[PDB]
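These values consider heavy atoms only, across backbone and side chains, with no hydrogens, waters or symmetry-generated copies. Note that ligands are numbered from 1 as they come in the structure, with each ligand's atoms numbered from 1 the same way. Lettering follows sequence order; numbering is per chain, from 1.
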Amino acid sequence: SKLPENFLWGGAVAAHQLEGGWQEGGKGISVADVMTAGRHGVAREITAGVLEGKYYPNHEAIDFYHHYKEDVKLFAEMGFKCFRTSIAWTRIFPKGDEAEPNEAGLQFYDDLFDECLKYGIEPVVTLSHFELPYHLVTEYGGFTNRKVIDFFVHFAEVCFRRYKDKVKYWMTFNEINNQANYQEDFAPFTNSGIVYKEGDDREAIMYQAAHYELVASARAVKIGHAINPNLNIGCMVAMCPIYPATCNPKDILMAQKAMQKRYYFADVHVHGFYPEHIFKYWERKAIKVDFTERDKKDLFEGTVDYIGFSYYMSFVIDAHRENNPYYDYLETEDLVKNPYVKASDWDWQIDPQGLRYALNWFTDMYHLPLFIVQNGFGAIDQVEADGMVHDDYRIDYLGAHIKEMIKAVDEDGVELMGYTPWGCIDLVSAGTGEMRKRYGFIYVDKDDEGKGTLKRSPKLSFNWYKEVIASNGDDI
Amino acid sequence: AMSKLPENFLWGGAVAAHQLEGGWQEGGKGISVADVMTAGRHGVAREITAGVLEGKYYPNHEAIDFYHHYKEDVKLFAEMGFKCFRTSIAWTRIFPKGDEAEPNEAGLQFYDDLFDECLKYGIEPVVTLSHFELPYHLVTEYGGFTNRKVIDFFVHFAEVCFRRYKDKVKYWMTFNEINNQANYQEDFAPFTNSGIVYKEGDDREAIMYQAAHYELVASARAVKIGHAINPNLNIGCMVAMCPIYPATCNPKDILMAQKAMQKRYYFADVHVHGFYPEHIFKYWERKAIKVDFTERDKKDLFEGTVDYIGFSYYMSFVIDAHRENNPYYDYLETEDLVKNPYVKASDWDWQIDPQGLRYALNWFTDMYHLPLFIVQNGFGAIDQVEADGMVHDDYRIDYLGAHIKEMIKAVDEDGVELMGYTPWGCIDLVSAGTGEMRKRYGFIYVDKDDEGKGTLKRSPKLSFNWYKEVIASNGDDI
Ligand SMILES: O=P(O)(O)OC[C@H]1O[C@@H](OC[C@H]2O[C@@H](O)[C@H](O)[C@@H](O)[C@@H]2O)[C@H](O)[C@@H](O)[C@@H]1O
Ligand SMILES: O=P(O)(O)OC[C@H]1O[C@@H](OC[C@H]2O[C@@H](O)[C@H](O)[C@@H](O)[C@@H]2O)[C@H](O)[C@@H](O)[C@@H]1O
């Protein structure tokens with residue numbers, strides 16, 4: 001085979017997107033519990049707490065909390081070699097600032113992790129995934145507050161210890177670089193728990209939180225390895241490679257400066273220091289960041305073991321916008337459409353070839369092992385009279401990507417730990433809080449009005465993926 | 001009130017021993033590879049003759065007699081106010097055949113006198129150990145750098161120079177533009193980079209990779225002994241940086257660009273990181289290229305990484321996926337590249353893209369986080385002397401000006417770490433590619449034509465006083 005024997009095939013999810021039981025076992029209100037439903041072309045509403053008259057899809061989600069044994073069993077039917085999820089911060093520390101963790105909460109993950117380990121499924125765990133306690137947001141302002149660093153490090157330490165011999169693979173902060181787009185409220189609210197107000201420099205406040213998180217990460221990495229040196233602790237960034245529209249030298253420069261801005265987090269996770277261009281940017285913009293000598297030391301001592309990343313699409317930038325003499329990157333303004341590729345009904349361009357670019361790029365910059373912890377295809381699914389979703393459009397997409405990651409390993413020589421398709425069981429979509437935007441090999445009976453039996457049934461892609469794993473990639 | 005560039009920025013001018021020196025037999029200097037290369041023209045290759053052949057014109061034999069003129073010439077460098085001066089040590093001046101037990105004293109003394117003369121004016125020498133001029137005996141007798149035995153010979157040479165000049169030269173580089181031979185389809189680079197003489201049947205690519213590996217090992221070893229002799233020496237690598245742009249956002253074009261860069265600059269990853277990128281090893285399998293490569297070599301490479309990246313910039317390239325039957329995205333420099341439709345070009349069809357210099361600087365910075373040194377940049381054009389007795393080379397001034405502006409942006413806005421800036425061919429010399437005098441790069445005009453005649457008189461061009469003023473104001477006033 002072309003992939004190494006122990007290659008980690010699996011499937012990915014996040015606590016707040018699937019678990020449900022948002023109030024069970026003392027679980028506290030998380031940022032996710034206050035975001036209402038939306039849709040393609042309509043933003044999710046972020047409320048000042050749980051308001052009457054609103055629908056909050058994450059509250060009940062797909063009730064994985066009461067269903068996990070049945071679902072894990074399916075994951076084992078496909079033959080997962082691993083399973084990625086996050087530990088819900090608000091199940092361990094309801095409000096965030098407690099001196100002691102919620103035991104019921106630790107127990108739930110004990111029970112979940114034991115369940116996977118029965119079938120030989122190695123857990124892969126993300127510490128923060130879009131679900132910090134909503135209390136740290138109201139009470140402290142989220143990761144704008146330096147003291148929240150220690151709250152995260154407490155939470156991580158607790159988690160490392162309880163699971164030091166059950167969980168081999170960890171990631172600190174989910175897609176730490178989504179907030180690179182400070183222009184809208186989603187990323188800053190979910191990466192970082194930032195609610196903006198009048199006169200706030202949104203960009204300035206984003207960089208501070210990002211810095212606190214990068215520093216929280218480096219401290220957590222360090223502490224993990226002390227507890228169990230064998231732990232593998234990685235970072236996690238959303239990779240959307242950014243292509244220059246043409247060989248016009250300005251487009252070229254725009255592309256390079258955009259990548260630099262979108263992925264400086266990686267350089268810090270990896271090299272242990274900020275690149276010079278960020279400081280130059282801050283000076284230019286008069287952005288001041290609370291950045292200490294101790295921070296600088298934590299960052300250099302807390303670099304990651306591998307890079308985990310999501311991949312769904314690629315972008316294209318050009319130099320069309322004038323009044324940009326410094327070549328700033330505006331995610332909401334500088335991006336144009338790639339004429340050479342197709343897209344989803346949500347307009348996420350489909351570019352499997354970009355997965356290979358990405359893998360090569362990470363490899364060339366960083367020379368660390370890599371882990372595709374999210375890749376997937378969100379689409380409308382229908383049920384055929386035969387009772388099964390025939391999702392060949394999903395199979396085609398996953399398929400084309402696998403073929404490219406294999407080329408990268410076999411022809412290019414990148415070290416890739418594994419591959420984890422995203423939303424492996426139908427779940428509440430992050431960007432939209434939509435059920436109708438489905439990603440799973442497994443269909444869950446529930447719609448965007450929250451009606452349905454919630455019964456699960458396999459999709460056409462279920463057996464397909466099963467054969468993929470069993471063939472270790474030789475059968476696409 | 002500070003400048004955008006550091007106060008100790010190393011402004012200077014660059015050349016190579018075999019293109020200006022002459023005295024190609026003086027002091028027992030041996031025949032080098034350049035001494036058997038005839039003169040050419042744009043479109044017409046120089047001829048690589050087997051030995052020095054009667055009835056053939058070899059322009060490097062006399063060049064501009066800098067060997068006799070150096071003192072007055074260095075005086076001109078001082079007049080413009082150079083902070084540094086870059087040249088190479090002619091290998092064949094130290095080891096005429098290359099395999100001697102003991103070095104040549106007269107050759108050593110020459111560079112002693114030359115370096116002394118620079119320092120009399122406060123000009124810091126920047127030295128390149130191998131610059132397209134290895135001993136020709138090593139070609140005929142050993143097969144050049146295709147022979148593991150030449151690693152030793154080179155390191156012995158590096159060692160002698162490091163010793164002799166350990167308190168005179170602070171800035172060194174090992175192999176000039178070591179990556180040119182990435183273009184192995186044509187004879188030039190492989191023969192100048194590496195002393196390779198191909199015959200019918202050769203796997204040109206495979207042989208290039210071997211010589212390159214040996215030079216990379218020889219480079220690591222030189223770095224290590226240089227530092228042992230004096231840990232303060234700055235010893236760098238030297239690569240030709242022609243950045244390679246994808247034609248369009250077609251993913252296939254994007255990938256051709258990334259893979260081309262990977263192919264053309266792996267040299268740098270080795271110099272900097274101290275090991276090969278995996279993609280090379282993978283590539284070598286697909287091609288069944290066998291490279292003689294010991295654990296000892298592994299160790300040397302990993303331990304002799306460089307202090308800084310010296311590079312040359314002249315232009316940007318463009319690539320696309322138009323070529324058929326390339327399912328693995330191999331890179332052929334003579335076939336995959338297309339013209340940039342957005343820029344202008346010199347009379348020798350070199351494209352002018354100063355913004356590409358800024359891209360280059362960020363690329364090195366992003367990949368390697370080392371100090372960079374722009375050690376060659378220049379504009380080759382036809383000069384004519386006006387009635388005031390001076391060449392009015394505004395074209396040159398404009399070219400250099402534009403590049404300098406971009407590099408300032410890289411520093412002042414992008415934060416790259418740049419040690420200095422060395423316009424190439426600061427004095428009119430014999431060109432690499434063509435062995436031409438008419439392709440002038442200089443701030444200083446040398447009266448000598450392509451038929452070998454002229455008084456060899458030196459005189460300032462208009463750019464002379466321009467550069468002087470660029471330096472005096474540390475780039476403030478371009
Ligand atoms: O549910 P969604 O909206 O389809 O998102 C998919 C899945 O991937 C990750 O985020 C997806 C993307 O959402 C935006 O922030 C940007 O377009 C991208 O940067 C980002 O990758 C999340 O990890 C996950 O929770 C999402 O459900
Ligand atoms: O060949 P020229 O006109 O002298 O210009 C090159 C000059 O700078 C450096 O570049 C070498 C060039 O040789 C050509 O054959 C290639 O096509 C170019 O890509 C390459 O840059 C040399 O280091 C120097 O010796 C040359 O004089």
Any chance you could measure B:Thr87, atom OG1, to B:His18, atom NE2, to the nearest 0.5 Å?
-> 10.0 Å
Quick one: table the atom pairs, ligand 1 N or O against protein N or O, below 3.5 Å, distance rounded to 0.1 Å.
| from | atom 1 | to | atom 2 | distance (Å) |
| --- | --- | --- | --- | --- |
| ligand 1 | 1 (O) | A:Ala430 | N | 2.8 |
| ligand 1 | 3 (O) | A:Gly431 | N | 2.7 |
| ligand 1 | 4 (O) | A:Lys437 | NZ | 2.7 |
| ligand 1 | 4 (O) | A:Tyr439 | OH | 2.7 |
| ligand 1 | 8 (O) | A:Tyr312 | OH | 2.7 |
| ligand 1 | 8 (O) | A:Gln374 | OE1 | 3.1 |
| ligand 1 | 10 (O) | A:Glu175 | OE1 | 3.3 |
| ligand 1 | 19 (O) | A:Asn178 | OD1 | 3.0 |
| ligand 1 | 21 (O) | A:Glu175 | OE2 | 3.0 |
| ligand 1 | 23 (O) | A:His129 | NE2 | 3.4 |
| ligand 1 | 23 (O) | A:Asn174 | ND2 | 3.1 |
| ligand 1 | 23 (O) | A:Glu175 | OE1 | 3.3 |
| ligand 1 | 23 (O) | A:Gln374 | OE1 | 2.9 |
| ligand 1 | 23 (O) | A:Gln374 | NE2 | 2.9 |
| ligand 1 | 25 (O) | A:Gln17 | OE1 | 2.8 |
| ligand 1 | 25 (O) | A:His129 | NE2 | 3.1 |
| ligand 1 | 27 (O) | A:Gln17 | NE2 | 2.8 |
| ligand 1 | 27 (O) | A:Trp422 | NE1 | 3.3 |

Donor-acceptor pair between B:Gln181 and B:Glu186 side chains, under 3.5 angstrom | no
Going by heavy atoms in the side chains, are A:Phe371 and A:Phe309 under 4.5 Å from each other?
-> no
Hey, do the aromatic rings of A:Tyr329 and A:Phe315 have their centres closer than 6.0 Å?
-> no
Pair A:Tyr182 + A:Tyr196: ring centers closer than 6.0 Å | no
Is a side-chain donor-acceptor pair under 3.5 Å present for B:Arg46 with B:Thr434?
-> no
